Structures are given as structure tokens and as C-alpha cells.
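Residue numbers (PDB author numbering), protein chains in the order written: chain C, 1 to 459; chain A, 2 to 459; chain B, 1 to 459; chain E, 2 to 459. Everything below concerns the one structure shown next.
Protein chains: 4
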Amino acid sequence: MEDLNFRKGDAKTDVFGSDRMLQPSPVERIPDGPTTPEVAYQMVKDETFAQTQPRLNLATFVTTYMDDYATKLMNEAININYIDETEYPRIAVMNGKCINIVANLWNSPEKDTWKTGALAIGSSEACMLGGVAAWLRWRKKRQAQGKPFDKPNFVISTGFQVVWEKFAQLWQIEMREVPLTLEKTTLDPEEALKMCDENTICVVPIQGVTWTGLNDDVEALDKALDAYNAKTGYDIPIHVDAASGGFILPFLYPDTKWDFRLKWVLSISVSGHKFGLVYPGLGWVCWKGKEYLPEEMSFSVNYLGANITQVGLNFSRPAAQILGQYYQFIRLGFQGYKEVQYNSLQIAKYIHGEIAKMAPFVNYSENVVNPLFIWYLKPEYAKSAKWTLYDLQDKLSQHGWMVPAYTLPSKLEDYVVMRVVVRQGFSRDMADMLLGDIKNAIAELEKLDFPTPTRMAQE
Amino acid sequence: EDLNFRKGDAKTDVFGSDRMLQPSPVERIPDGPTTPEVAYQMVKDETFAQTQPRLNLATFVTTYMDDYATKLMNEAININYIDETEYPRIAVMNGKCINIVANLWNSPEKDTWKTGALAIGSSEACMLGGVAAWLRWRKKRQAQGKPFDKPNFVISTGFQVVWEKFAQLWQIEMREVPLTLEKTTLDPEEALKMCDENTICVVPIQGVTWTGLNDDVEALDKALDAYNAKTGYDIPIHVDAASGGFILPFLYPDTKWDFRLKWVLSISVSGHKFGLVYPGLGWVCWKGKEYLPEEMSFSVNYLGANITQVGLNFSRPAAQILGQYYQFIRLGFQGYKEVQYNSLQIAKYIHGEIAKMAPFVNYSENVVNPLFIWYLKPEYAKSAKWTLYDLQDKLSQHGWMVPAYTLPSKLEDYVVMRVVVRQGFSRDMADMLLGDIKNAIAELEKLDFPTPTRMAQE
Amino acid sequence: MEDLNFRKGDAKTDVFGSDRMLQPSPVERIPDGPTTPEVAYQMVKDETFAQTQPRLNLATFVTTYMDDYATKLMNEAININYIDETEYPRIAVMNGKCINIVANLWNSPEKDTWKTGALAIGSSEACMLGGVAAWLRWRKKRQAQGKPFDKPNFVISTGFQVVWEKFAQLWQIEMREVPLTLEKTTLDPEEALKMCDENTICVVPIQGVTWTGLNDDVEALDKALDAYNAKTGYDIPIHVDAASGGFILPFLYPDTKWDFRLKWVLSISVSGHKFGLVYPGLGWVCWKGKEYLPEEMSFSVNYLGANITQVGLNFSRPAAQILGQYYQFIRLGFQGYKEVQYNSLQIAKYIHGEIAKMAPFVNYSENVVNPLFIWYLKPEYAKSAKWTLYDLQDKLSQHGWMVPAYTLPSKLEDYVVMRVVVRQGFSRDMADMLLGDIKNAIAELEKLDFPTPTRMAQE
Amino acid sequence: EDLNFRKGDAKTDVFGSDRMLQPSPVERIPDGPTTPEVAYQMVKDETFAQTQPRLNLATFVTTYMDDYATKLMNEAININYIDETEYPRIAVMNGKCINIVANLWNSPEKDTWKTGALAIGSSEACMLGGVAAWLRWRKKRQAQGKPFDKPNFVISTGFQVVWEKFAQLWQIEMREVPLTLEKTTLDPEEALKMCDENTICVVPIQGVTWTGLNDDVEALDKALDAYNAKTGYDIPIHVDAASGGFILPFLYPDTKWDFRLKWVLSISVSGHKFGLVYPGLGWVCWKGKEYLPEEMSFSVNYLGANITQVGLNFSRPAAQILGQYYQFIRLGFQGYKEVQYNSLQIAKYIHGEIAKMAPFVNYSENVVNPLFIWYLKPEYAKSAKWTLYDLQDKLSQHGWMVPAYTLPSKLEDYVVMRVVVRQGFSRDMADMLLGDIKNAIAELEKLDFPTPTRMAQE
Ligand SMILES: *Cc1c(COP(=O)(O)O)cnc(C)c1O
Ligand SMILES: *Cc1c(COP(=O)(O)O)cnc(C)c1O
Ligand SMILES: *Cc1c(COP(=O)(O)O)cnc(C)c1O
Ligand SMILES: *Cc1c(COP(=O)(O)O)cnc(C)c1O
């Protein structure tokens, strides 16, 4: 009854009684030959155990939970390539309907039924498309004026997210950075104007600054730019990087005027996979009207009577995230989105208030307007403490959390902060678990008799 | 009696509810919620009335993976790749996939961690290759005191549209080499005629979408070497191998098209085409670290692996990395070879059956990728009442998408039809398709009057 | 239209837009009222994220992987109560067949088709049943001889597992402990005999000592005990605690005489859920013959129909683990068990050898006979190191592992050691991941300028 | 043709294989392996020919949970509870379950973390309560200079077998108070007659398995208070509340049976009976920490919770802890009350329909747990050809298990039948049972000769 080939991968092989599971996974070259599907499944899957669990990843802004029905719907669409719009025209129209809904969430004045916007893989592509459109609009203007157009720049807070550095590098466009101070913890419009000139293609205020959790004041920026543009004729626009805030502000702060209600906001981008409540792979960019999307970048095709704009950096891509976005819009509606974001914001405020009660800590802001916030060590506490927030990050990782510590951008670079992001699926109960682990970690770190490596590096 | 039955309570039947008497939202988010079952049906039911992916014969992109790969990728739906500090095992796995691809392409780079990058498809992978070529050229010309404000690149008129996107989004001039019956792929002398001091690269294509053919990369490399020696322009190749990058290593290992060639400095591929992974995967590799400009890129060490950080996207699904690594382990070289062999053999089979039909003639007698094109015999077309556009419509009535289109410049009088054979399209399915084609021909030959497209051709 | 009850838990509620998920989980009192199944499911499930993943728990000996068919089979039996033998007689017979197979793996000479043994929830119950049986055989013996029987004792290594302390405390039986030394790293028979007297009910050698991974030499103990019993007439028996080794030795070391082949081995216990390859909830105890199981320990019940006779501490219990064990016996057979245990042992040997090459480390034993082993810091390295194995445990926890550090039992209590247990489902690829994390952790700890708290506590 | 088809290769059909022409192993492990599908069928197919759990009316143990509890528990199949350092959240969850149960029983303990312990069932929980009682008594008698080598405990003859196990495995004398028709539950004055200086506790039972009744704990408490005041023996109560512990708090909150009583120092319950969790759960609580001897127990601080480390088992499934905590949150007090109300109402319904049948008379008019027993009317039994054993056999022919058995001491001439109504046994299923009982009666009344069990009674 001996099975000659049991260790070699036949129908009787046990995965963990096989020769293949005594061998390392391939690092440099494809294996010469195959294995059983069960063996290969375990070899790939087992490597993903030893890292952060997504629901305990508190560094990320990107969705780690959807309900079972959205998840089934997206799984069922795993083999649907969005870009095959002639073959899958219902998904092309569904994409156009999502774009319409987003543009109207942002109060677009565009009268066309099919709003001018584009699907993206995240805010990276959406921001780049907005920035490229702004660059081409500026080039066209300056050429018509007989002015040089070879030295473009854009203006942004030092609180920028790295995709704006990617944009600057990949297109060779100069990024001008407005520093953060304790007195100006968000983009100050007067400071932004100091960096504007005839070569500025746009200013980029951020709704949901990743470093701080705050919102740049888009209305204040719009007012300053209106006076500046009237005086110079430079006609510098705004592109709003609303990666998180674009799905927070419409529901919880409808009266905050930050979007297409503003004269100079010509385009807005968002991460559908952050607070749009869809699994990874979704962003959106909208323009205020077709006249702000250059023809040099774009065309539109009619699918089943819908006019669908064709602009993007990617081509073939999963369609699942479109179904997921449209499901969330129908399943939740405005009320449902409001209640989910309310929960996330209330839990963030709850953690913020509990952090403030702890002896080592002080919050950077009293104002929690997105479901995330940052804190640092009280300066008097930090001076005689043996530990830093990097040490607290390490302690929390021992229980499976990722809670990141980092230094703030320019002029606040002496501030080591820690950030918590509250996403859908992070509950009050999970917040209580986190806070209990933070209190326990503090108590252990306060037993140290000698300074840690990062504490010594701060001297 | 349940007062709230139609309004969406726990007893509601989806299709006895008020919501399923209402249209789906076109312009604005609905004011309020519905039950998950109602929303699930409202979204899912809209996807019925379009092509079934396994019958989509226009696409090159994977429509089937086995149950284990599918389960593995489904389980990773909530993993954001870019969180590499949080998910360092996936970051390392990404690096191992890049190593394996670079070695499939015979990279001479000695570093254990090969210079390459994850992409969402060949679109991003091609654009990264082109931007790197543009920046390498800018730096060269700046050092020589030469202008660098008017870049161009050279490509066949058989280009795939991502190169037009690249041209538009970076404002780089695309110079196109036309196709003829005598030169059905990129001709090197004609390509060199379009090269000058401002050319950043030449782009041969392995798996031209319009024709199914391969540009001769080795022939281009030979021509570019003599031209670069004569001019000093130092023009490189970037190979767009969107399909061919996962065909040639297994079925044509001795064809010298990759990093074995002196001037091939970068190569891109669609992992979601013949890399056998569901939508959302491409790769770009450089021949060495010296060809990826520092201005574009940096690298971070995760668990001892050096992972290059270059890309157009940021947050993105990680599932396709697991899927690629699964295919590499599950199939190996032999398994990839056997799957691509099956796809190519079925393409050749259909190609041979098409040639036997009276209306048809194949564009090429040689099938080197699992796809091919044919057109109507000229004498048949002249007296026929129908065109290949009419055949496309007839086939769609049975659920197929088989596209008809005109070929690019100088061949634009040729209306062709294309079949792509992917994993999961079997000999049995090929027989169904061929049977539907014969029936469709038989119906179209009964027409007494020309169709609209037949009339538009006169 | 707006749903007035959306936050309160109706059919439209989103789990994470509900009032319930702004509230803590219940600590003291049952909630007054219900919630939706989806809310309750998340509230309980989400609390389990922030702890060790079972497949990365390298402290446990207990099975964390079975294949999909065993898992489905056991899931399908979740509502089957084993003890209802009149209602579920086929599972009762299946339990008996498992007992037969285990007794025959251990070379029972018992001729009855139905072997003398009992189901247990683990080695805890199995050991207690073996110990109670030894105690009752000894009481009856001493009563017949007109000798006292009120002060029983048993003899065991200080490497005992805590269930023997439970046995000592819950029955008020004296435990006599034989210390470990570097010269006698397992139970020395001569020293064990020195603790024996007329009140000793048994000696307990261990196959798979939890502290060390080693096997007590049962054959040496049997030989010494035979001479001791011939001299004293005390007739002290052996009960083998084979919690791990009972499913290793028969397959990988068939010629090692440790089981019912030995004259004085009257009972043996094992954890079916350790290297028996079944999910948690399984142990077995076998006796060499019916004459060694006292009649006082069998019981009969009639209130579940017909007549059910049993031996055990528990009563109602899941039956799933019986199905799982019988599946493994049929699915793997002798060859399959041998190949699975071979993989586990070979991977343990591989890690053991790589640990030995690292500058900080020295292995406790050169002999790896169970799929687990321990190491400690080289004494010369430890003296000048700023860190201890407790710090390495903490570093590994940051990547999801549990690799436990602890002090060895008596006379070796100055030795802080670390243990790795290799179970089915822990592959060579996972070993490489662990070893890479160990090397990285060593390199970080070697950067410390000051001693850690545990390093200071050692001086 | 596949040469190895019968031998177990990738093409083998389970029921076209050599292995399914062979017997399952009885004595020895098979020499070699088989495919998972064959092994799965070999084990699964043996479980068909026995009682379906939802038709098992003998058992008190849960046979139904909802789909979410079931999924949650299945997902925890590989979690070993005892690894509390590795799984500290489940350790804390266990402690919260103990808190909730202790508070359901009106514990006066002030500590946040109540003194209690997880068990596999009431067997382990009862044994822990008895051992604790035995050790408290040993310590007192030693301090008084009195003997402590001959312990005993007092219980009704309606005890469940675990108390016999406790008696035999610890060699502790069990003193039994018999049942009579005049004293259908434990009579306290009769219990006190068997108490002396060596009695470690008296064990009243809430949910007597034989009868379905509750011993009067408050009446016992009152009698013990006077006896302890007279003797100084200070004999305590341990309540075996295996079933009643999850019935009385919801349906009879004002019945004083628990830690509200002075002498009730510990209580045990089966979480897998009317705690509504699948097999593998019991709980024991003590009235305070001072009643759990240190010799049995220590406590460890996991994440700021005080968890007591006392038990007979060690490694064990953690799934049942999640199931218990899910039920507490999913149902709450109201949900438990409504579920137990349903079970009790259905038991009362069956009880009333049984009483209307000519052959039958109920043992008690009072149904306080969701179960009851009946027997044959004495005048009917005398001229009947059949017994309740014959009715058990007839009902088994339709898949039911409804057990017939003789009652304990002094009622051992009474053959009775028991029905237990658990969650998942509805009014509709009760109607099916009652229809089968009536059909069985009509068939048995056609007998012309006595059955073997009927002859055995005369
Ligand atoms: C997330 C983020 C980005 C990047 O968006 P992705 O969705 O990760 O591509 C850009 N800007 C801000 C403010 C962000 O938070
Ligand atoms: C598919 C294709 C592309 C575009 O690649 P995507 O994977 O769809 O982004 C580019 N070039 C060629 C030759 C292609 O076939
Ligand atoms: C596992 C272990 C025990 C405890 O057995 P469980 O299966 O956890 O109940 C007892 N003795 C030894 C040697 C062990 O390894
Ligand atoms: C069921 C029962 C027991 C045994 O409990 P298990 O949960 O089966 O271990 C003990 N006493 C009573 C009163 C019971 O009903």
C-alpha cells in the first residue's frame, strides 16, 4: 500500500509531507517544473502571515473592510477588464454614473448629463491627471501670449503626499513647497501666493493632509487667488487634492465651501479606496467642466448613449472597484455614507480625547475634521523620558498593531508624532483595545533605566 | 401582514420592493440606503447584458485562473500593496517576481534584487520605460551642451494606444513607421530614417495587437548599433513585449529579443495577458541599475531585499502579486510552456480552419503568438453583399466578441478580424466558434442587397 | 428615502454606521438587548485580530493546520456530542477503532479486539486518568498487603508539564521531582529510584519534554525499575507521558523500545492534537491490558437510552476530533504519518543547525529527536551582550511570531532558553522567514549601547 | 485508459477504486495513504446510520446555532485556548464570559474579574466545585485538630453520573437521598439526616436529568443555616445547575437559588446545554475568591485582566468561548429570555398534548425547564401489551431518539420517557413528534401478545 510518489506531488501527497515543502521558495528564477495547486497555494499564502493584519494597520487610509455583499460582487468581477468598454459597455456606463455622482457630490455646475471626470487606480493617477491638465492649460495660455512655457512650477504645502513629488519628477515640473509652522499648521494662502508667478500652473490645497489630518482652507485660497489673478492676469487655478476629505466633507461638512462651488477650483481628485469605502484600486478625478480638460489629453466615446471620457495613465485594469463604488452609493446613499463617516470621525475624536488624558501625550490639534489625528510627547515629559514614540510604535507592533511614528515636514521636523487613522471596520471596541495596549506600553517603557537608541539619537 | 415589506425590512423580497420599481441613480447619490440584497442585485443585474469574459475574443487579458489562484487573490482583496512597511512579505514577493521576470528575459544584472518595477499593466510599465529613456537622453544632451526640449521616439504605426497616451501626457513627439505588405512589422532602416539627435528610444513590439506579429528586435539592435556608432546619438531600445514577454521565453528561448541584445535597456510586459494573472498586473525591467535614473526612483530595504520604488500609481491591490507568484510556483517553466503551447496550438488550429473557408485569407501564414488576423479574399469581397463587420455582429448574437477593424496606415484598406486565444479557451470552444462562423457565412450569403458597411466600402 | 432606524439595527444598518459599534463590548453584565448577527459577529471576531496568528505561534505543540477535507469533516460535526453513544453509536465504534490503532502503534500485547483505552480532551485528562489508575492499583495492592495507603507519591523529572502539578494538587498526591543537570539532561533512572519508596504509585518518564524537546530513556528506566522492584517488592510501574513523542516514535524510531514492549510500561498517554495531527481537543490514554484499568474507573449511564459505559473525566464534548483522527489514520496511513513527521523533524533539524552557526547561540542538545529544540546564549557572548533572549522574543513578536524565552527547571534555572516547535504546516520556506527575522533582530539588538531591563536583572 | 484509475490517482473516482472495496481499519493503521476524497467519504459515510442531532430528543446539549455563530466557531477550529500568552484577547474574552455568568447568578463579589473558570462541560465544572469544597473542608478540619480523611457529600438519587465519577475518582463517599412520589426532588430535611462533620457540601440540582425538575435550593439553604448554627459544621451548597443555570435567570429571576443565598458558595452550568453553544462548554463560578483554594489555582494578568488558571483540562478548543460571547452580545438578556421562553413553551405544549393521550400520565404538573417526563397510566400499563421501550423503538424507525428508562432509587419500578426541547426544535417539529407518537400508540395497541419488555416487567 506504499505510494511511491507520495513525496513528489501525486494525488495522495500531503502538502507538508512533500519534498517541495522542504525546499525554499524561488528567489531569482522560475522553478523548472510545476507543483500541485495545494502546495503552491500554501507556499504563497504562508508567506503573508508574518506581517501586519490589515484591520490592525492603523497607518493606512485605504479601506480594509467592506460588507459581505460588496465583497462577493467584487470577487465575481475579478476577471473583468474595465478598459474593454466595447465588450463591457454596462460597466463603462456604470463608471460614467459613478463619475456623475462624485462630481455632483462636489457640486459641479456642469450642465452636461455625463460629467467630465475619469476613473483612476487611486489618488496618484487622479492627481497626476489633474496636474497634467493644469500644465497643458497653462502651456496653451502662455504660448498664445507669446510667453515662455518651458519652466512650469506648482505650489503646495510641505505637507504634500509623495505622489506630488512623483509628479514633479516624472514630468520635470518644479514643486514649490510652503512650510508648516505651529502658527500655520495648514496651507496659508498669503504664503502660497509668495511662491506664485507667471510659471505657476496651479496651487494644490489638500483635504486630509496625511501628516496632520487637517484640511487646507480652500475657500481662503480661492479668495486670495482671485485678487492675485485679477492683479497679474496669470489666471492660476486650484486643483484640490481631496484624497480623504473628498468623501468626508460632502456628508459631514456640507456647508464647508471647498469644491466646484469655488470660482478657481477647476479640478478635484479623491481616493475612492480611502473614505469612498471601496477595497484598494479606486480613485476619481473630476473637472469643473469639459473646457478645463484639454483635448490634447482626452477624447470621449459613446457607449449605449453615455458619453464616457477617455483619459488615463493606466489602460487594462480590474473593473471590480467600479461595481464596489456603485454598490456603496446604492447600498448606503447619502444617509448611509453620513452615518459611516460619523462613526469613523466619532471614534477618532474618542481616541483623541483619551490620548489627551494620558500624562506623556499632547495632541497637535484640538480640531478633528477627518477620522485621523496626530499627537506627540509633552516637551517636559519627553526631556526626562527614556523612550520616544518610535519605541511605542515597536511595543504596539508586538500586539499586531501598526501605529506609525514619524517626524513632521519642514519647520516642524523636530516634532516626532504618532498617527491613528480610523476606517470603517475599526470600532469603539477596537479603539478600547488599542488604548489599553497604549497604556500598558507606556507603563513598561517608564520602567526603563537607560535611554533607548532613538531617545539617544534625539540628543 | 408586514407594513414595511415594500420599504426594505427584514422580510422584504428584493423583487417585491419599491426600490426595484425605481431606476438606478444616474446623476446623484440616492438620499438613503437600501438592503444589501437589493443593492447587490441592482449592481450585478446591470452586468448581465454584455459580453461574457470567456467569450471575449478581442481581449488579450486573462479571463481564467484556477480555483486556488482565485481563492488566494480573493483573500487578498483588502491588502494595499504600497503599505510595504506594514506588508513587507508582499514587498519582498514583489521583488522576487521582478527577479524571475528579469531572468526570464536574460538580464545580465549581477545584483540579487533586479532593477524593475510592479505596474498595473503594460500602460504604466511602458510609460515608466519611456520616461526613463527621456530622462537618460535629457541628461546626455545637457552634458553635451545640446538642446533637449524637442524629444521624439520611434515606433511602428502598429503601436498600441498607450504610446499615444505617453506622447500626449508628456508632450513627446511620436514618429511612426508605416506598415506595408512587404514590411508587415517594424522595418529597421525605415525606423532609423526617423531617428535623430532628439530620439529618446525606438520601440519594437512583441505581440503587435493589430497583427499578432513580432517586430524583429535583433534586426533593430543590429541597425541601431551601426547608426549609434556613426552618429554618437546612443539611441536605445525599449521593448514593448506586452504579450510576447511571457510567450517568447517558453516557446522561443533561442530568439534573441531581450537583454541578450546590446541596446535593449528596458522591457515591459502585461502580467495580466500571457503572464496568466487576472486584470491589474504589468512589469517593467531595466538591464541594470545604471539605466534607471536616480531622478525617478529610489530603493528601500525590506527584510534584506532591495525593492525599487518607482511607479505612476501608489495605493493599489496586492492580489495580483500573489497571483503572479502562485503561477510561477504552481506551473514553473514547464507549466508555462505547456499552457502557452496549448494556446498557440489552438490559435494555429483556428488559423488553419479559417484558411479553408472560401471567403477568407489569413494575413500571415506564420502564427508566433496565440492570435492572428484574416480578411476577405479580394475577389470574394468584391461580389459579396457583406463585410467582416457584419460577421462580427452575427457572432455577437451568440455571445462572442470577435472584432473587425481596419489595419494601421498604408494598410488601412484592409478590414481584418482578430481572434485571441487565452488560457481557458479550449479546442472544444474553438470548434463552437468555427461552427458559428460557418453558420454566419451561410446566412450572410443569402443577402440580396449590400449591408451598410458593404456600401460604405464602395 | 431616509431610514429612521438605520443606526439602531434594522435590515438596512451598516455594521460600522451603527450605534452599537460606538459602544464598548460587555465586560461585566449581559447586554439588556439583542443586536443583529452581523454586528455581533464583528464584535467578537474583531477582538481576535490583535494576537498571535496560530500558524506563527511557535510556542505551541498543538496542531494549527489540517487539510481542507479534514477541516470540512470536523466543521460538519460541530453539533455532535460524543457522549450520546446510544444516539451516535457509529462514532462510539470509531472512537474504539482509534483506540485500537493507537494501542497497536504502541505495540500493545493485549489480545482483545477492542483495546483498553480512553478518549480524552488532551494529554491533561489522559495523564490524570493514567495517574488515577496507578493510584487505585496501588491502593488496592497496599490494602491487600495490610500496609498503609494514605500517603501516595509519584516520581517525575523537574521537566514535568503542569498537568502533573494539577494531578498532585487536585488529588493531594505528593509529586517527587528529579532535577535536571547538564550531565543529566533527561530523567536519570538511578536518581529517580532514590526517590521511590513503598508509597510510590508510578514513575513518569516523558517523551517530548516541553522544556527541552528531549525524551526520557524509558528503556533505561524499565531496566532499573525491574531490578528495584525485584529487590523491594514495591512493584512500581511506569506511566509514559508521551504527549508529543507518542505520534513521533512509532513512525520515525520504530526500534526504540519505549512503549508496551517494556515490562513495566502499564499505561501511555498522548496528545492527539499535538503530533497526532488533529485540531485542538484530542488526547488518548491506553493501558497494557484490561487488568491495569481498575473497575472503579468504568461507569454506566441509562438516561440517554440503552446503556452507555465509559471511562473519563469529561462527559459531553465535541465528537469532531474523533472524525479528524480517524480521517488522518485513513488519509495518511503509516507511510503518510512517517513522511509528515519526517518533514517536521527535518525542518526542526535545519533550524537547529542554522541557529548553531550564529555567533550569539549554542544549542542545548546536539540530538533532535522531536520536531522542536531549545538554544541559549553562548555564556561568553551573553556576558558582554546588552540583550537577552527575552529581548529577542519581543523583536520577533513585532513580525507576528511567538518564539518563547523562559528559564529551564531546577538546577538549570539560571539558563534562559528559547524554543521553536515545528508543526505540520510550518515549511522550509517559513523556516527561512523565521531565520531571516532572527538574524535581523540580532543585528538590531547588537546596536544597543545600554543593557535592557532583563539583561540588567541578570546582573 | 488510465492504468492507475483504481489505485488512487488524479482521475480516480472514489467509488470506482480498490479502497472502497476494502473495510475501514479496525485494529491497525493502514500501511499507506489514500486520496483525501476517499478518506473523507470513508469517515463521513460511517456517520449516516445514526440519530440526526436535531431529532435527538434525549440530549440536553445544543444541536443548533445560527449561521454566524457557526462560521465564527469554524474559523477558530485551530485556536488552542490554553495559549493565553499567544491569544490574550480570547483569555480576556473568557474572563468576560465568566463575569457575565457570575453576574447572571447575582454574585456579590466586588472584583471586576469574577472568580470562575472555563470548563469542557458541567462534568469538569462540577468536579472543580467538588474539589474546591473538599479542600476547603480539609483545611478547616485540620485547623480544628479534627480528622479529614473520610469526606462525604450529599445529593439526590437523581444525580448525573459526574457525581459518581467524582465519588469514585477522588474516593469520596456519596450519600444519596432517594426519590419518592411524595418527594419528587431533594427534600432538605432528609438531606440533613445524612450530613455530619465529614460532609463537604450538599449538591442540589437545577434541571434534574431524570425528571426535569429543580431541587429547592432556598429551602435547602434555610435548613442548612439552622443545622450549621447548631453543629458548627458549616456545610456549604454547590449548585449543579447544568441546565437550570441558563433558564432561571431569564424566566424565573425572582426565584432565589444562586449567590443571593448565604450558603451557595459555588455554582456550575453547561454552557453547551441552555447556554446555547455547540458541544464543549461549561462554567463554574465561586461566590468569592476566598472560596477557591489557592492549592487549586493561581491567577495571571493578561492585558490587565485577572484570569484564574484552574481546570482539569489544559489544551482545548477556544471556539466555544467565541460562541458564548457571540450569544451574549447577539441575544442579550431579552434575546436569551425569548429563546428560552420558546423552548419552555414548546415543552409545556408537548406536555399538555401528552397528558391528553389515553396511555400516558405526566410525572409532574410543573414544567420549569424545557423538558419533562411521563409514564404509562398504571391501569393502562397492566393490560397493555407494550412498554415505553417499545414506543422508543417505534419512534426510532422515523429517526427520533426519545429515551425510555427507569427512574432512580425508590422509583426504579417507573419506566418513564423524556423529551428535551432545545433551541432549533419548533412547534412544527413538536407536531411531527406528536403525530408519530399517536401513530405508534395505534400500532402498538394492535399487538395480540406481550413484547419482551412487557413480559420482563411481570
Ligand atoms: C492617499 C493620498 C494620496 C495618494 O493616493 P493613492 O490613493 O494612495 O494613490 C495623495 N494625496 C493624499 C492627500 C493622500 O492621502
Ligand atoms: C496590452 C498592450 C498594451 C497596453 O497594456 P495594458 O496591460 O492594457 O495596460 C501596450 N502595448 C501592447 C503591445 C499591448 O498589447
Ligand atoms: C502537551 C503536554 C501536556 C498537556 O497536554 P494537553 O494536550 O495540553 O492537555 C502534558 N504533558 C506533556 C509532556 C505535554 O507536552
Ligand atoms: C448534563 C449534566 C451533567 C454533565 O454535564 P456535561 O455538560 O455533559 O459534562 C452533570 N449534571 C447535570 C445535572 C447535567 O444535566
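Don't be surprised by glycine CBs; every beta carbon is placed ideally from N, CA and C.
Residue closest to residue i, alpha-carbon to alpha-carbon, out of the options
i              : options                                       : result
residue 493(C) : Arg423(C), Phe373(C), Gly333(C) and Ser397(C) : Shown here, chain C extends from 1 to 459; a query on residue 493(C) therefore has no answer.
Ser427(A)      : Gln23(A), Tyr303(A), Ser344(A) and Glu380(A)  : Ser344(A)
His399(A)      : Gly436(A), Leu408(A), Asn95(A) and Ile78(A)   : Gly436(A)
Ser300(E)      : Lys223(E), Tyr350(E) and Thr116(E)            : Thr116(E)
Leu408(C)      : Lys194(C), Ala70(C), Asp449(C) and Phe160(C)  : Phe160(C)
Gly33(A)       : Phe361(C), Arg331(C), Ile236(C) and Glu198(C) : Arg331(C)
Assigned secondary structure, residue i (DSSP; H/G/I helix, E/B strand, else coil)
i         : result
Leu304(C) : coil
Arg142(B) : helix
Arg261(B) : coil
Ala356(E) : helix
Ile322(E) : helix
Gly117(A) : strand
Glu177(C) : strand
Rounded separation between residue i and residue j - CA only
i         : j         : result
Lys411(A) : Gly9(C)   : 54 angstroms
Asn57(B)  : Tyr303(C) : 54 angstroms
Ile248(B) : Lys338(B) : 8 angstroms
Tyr376(B) : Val209(C) : 48 angstroms
Residue i: contacting residues in chain A (beta-carbon distance under 7 angstroms)
i         : result
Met358(B) : Chain A residues near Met358(B): none, gap ~15 angstroms exceeds 7 angstroms.
Amino acids of chain E, ordered along the chain, whose beta-carbon sits closer than 7 angstroms to that of residue i
i        : result
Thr35(B) : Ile330 and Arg331
Under 9 angstroms from the C-beta of residue i: neighbouring residues of chain C
i        : result
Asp10(E) : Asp10, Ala11 and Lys12
Chain-ordered neighbours of residue i on chain E, where CB pairs are closer than 8 angstroms
i         : result
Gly213(C) : Within chain E, no residue comes near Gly213(C); the closest Cβ sits about 28 angstroms away, beyond 8 angstroms.
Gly425(C) : Ordered by position in chain E, no residue passes the 8 angstroms Cβ test against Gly425(C), which lies about 16 angstroms from the chain.
Where residue i meets chain A, residues with beta-carbon distance less than 8 angstroms
i       : result
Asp3(B) : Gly9, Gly33 and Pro34
Ligand 6 heavy atom lying under 7 angstroms from the CB of residue i
i         : result
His239(E) : Only ligand 1, ligand 2, ligand 3 and ligand 4 can be found as ligands here, which leaves ligand 6 out of the picture.
Chain-ordered neighbours of residue i on chain E, where CB pairs are closer than 9 angstroms
i       : result
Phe6(C) : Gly33 and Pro34
Exercise for review: Check whether the stretch 171-188 of chain A touches the stretch 265-279 of chain A, taking contact to mean three or more Cβ pairs, one atom from each stretch, closer than 8 angstroms.
Suggested key: Segments in contact, no.
Exercise for review: Please confirm if the stretch 358-372 of chain B is in contact with the stretch 20-40 of chain B, defined as three or more CB-CB distances below 8 angstroms between the two stretches.
Suggested key: Judged by Cβ distances under 8 angstroms, the stretch 358-372 of chain B makes no contact with the stretch 20-40 of chain B, as fewer than three pairs qualify.
**Study point:** Three CB pairs or more closer than 8 angstroms across the stretch 314-331 of chain B and the stretch 113-129 of chain E
**Key:** Between the stretch 314-331 of chain B and the stretch 113-129 of chain E, the count of C-beta pairs closer than 8 angstroms reaches three or more; the two stretches touch.
**Study point:** Cβ contact (3+ pairs, closer than 8 angstroms) linking the stretch 131-143 of chain A and the stretch 84-104 of chain C
**Key:** Output reads no: the stretch 84-104 of chain C does not touch the stretch 131-143 of chain A.
Review point. Looking at C-beta atoms only, is the number of pairs between the stretch 44-61 of chain C and the stretch 32-43 of chain E that lie closer than 8 angstroms three or more?
Key: Segments in contact, no.
Review point. Are the stretch 230-242 of chain C and the stretch 74-87 of chain C touching, with three or more C-beta to C-beta distances below 8 angstroms?
Key: Flag = no, the stretch 230-242 of chain C and the stretch 74-87 of chain C do not touch.
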